[PDB]
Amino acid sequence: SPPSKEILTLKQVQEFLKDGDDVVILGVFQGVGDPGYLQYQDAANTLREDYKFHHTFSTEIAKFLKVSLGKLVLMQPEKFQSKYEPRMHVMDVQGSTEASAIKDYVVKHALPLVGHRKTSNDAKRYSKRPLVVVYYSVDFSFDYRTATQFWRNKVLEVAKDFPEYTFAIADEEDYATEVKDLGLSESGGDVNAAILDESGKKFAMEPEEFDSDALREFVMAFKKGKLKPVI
């Protein structure tokens, strides 16, 4: 069946940005016979197990999104946006556009600078290494999202300086046994950090009052090969 699903209303797109937990991938095309749309559906079909795809032919939605027709638009939900990232990544797509280039752009741009690594998404989203993980109580509900973003903001400050590594926040309970195994379950701190490297080794951050500086030092020490792995 059709890999990409049609978006009928502006409210649908608003709900994705507000409620979503994953990259919003949107093909914006002139209509169902648009050669660019067909190339998009080819790309989407290939990636269908790993991402959800949407499309629209609405000039109303294109206007809202501030794009002309014939584009692939990737946006993150509000909870994953930041001062350092554009609200949209936009790629020109026409009949001549290779499906492999579409597929490449989606993979390239599907992760935010600091996303939420979950036991449900870590294989499909957080496979790239090195990966810097920041562990704490992650809760995007109305009552707890300010505090969650408080800490996410400290991570984003470091992440923007190390584009060569992937950074994510992770819930400490969700990853209880990963945290124990990192030797971090004892620590008296509400926030902890680890690095997973390309070889399969893991490095735990010396528990300290958590701030961007301390996180930046840990990543720098990692980069410089000054850390020893957990066993």
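Note that residue numbering begins at 1 and tracks the sequence as displayed.
Taking the PDB entry as given, 187-195 carries the higher mean Cα B factor of the two stretches 35-43 and 187-195. Mean CA B-factor, 141-149 versus 103-111: the higher value falls on 103-111.
By the numbers in the PDB entry, the CA B factor is greatest at 175 among 175, 165, 29, 53. Residue-level temperature factors show residue 81 in the lowest third of its chain, judged at the C-alpha atom.
Sorting the modelled residues of the chain by their CA temperature factor places residue 25 in the lowest third. Looking at the C-alpha B-factors along this chain, the one for residue 17 belongs to the middle third.
Ranked against the other modelled residues of its chain, the C-alpha B-factor of residue 169 as given in the entry falls in the lowest third.
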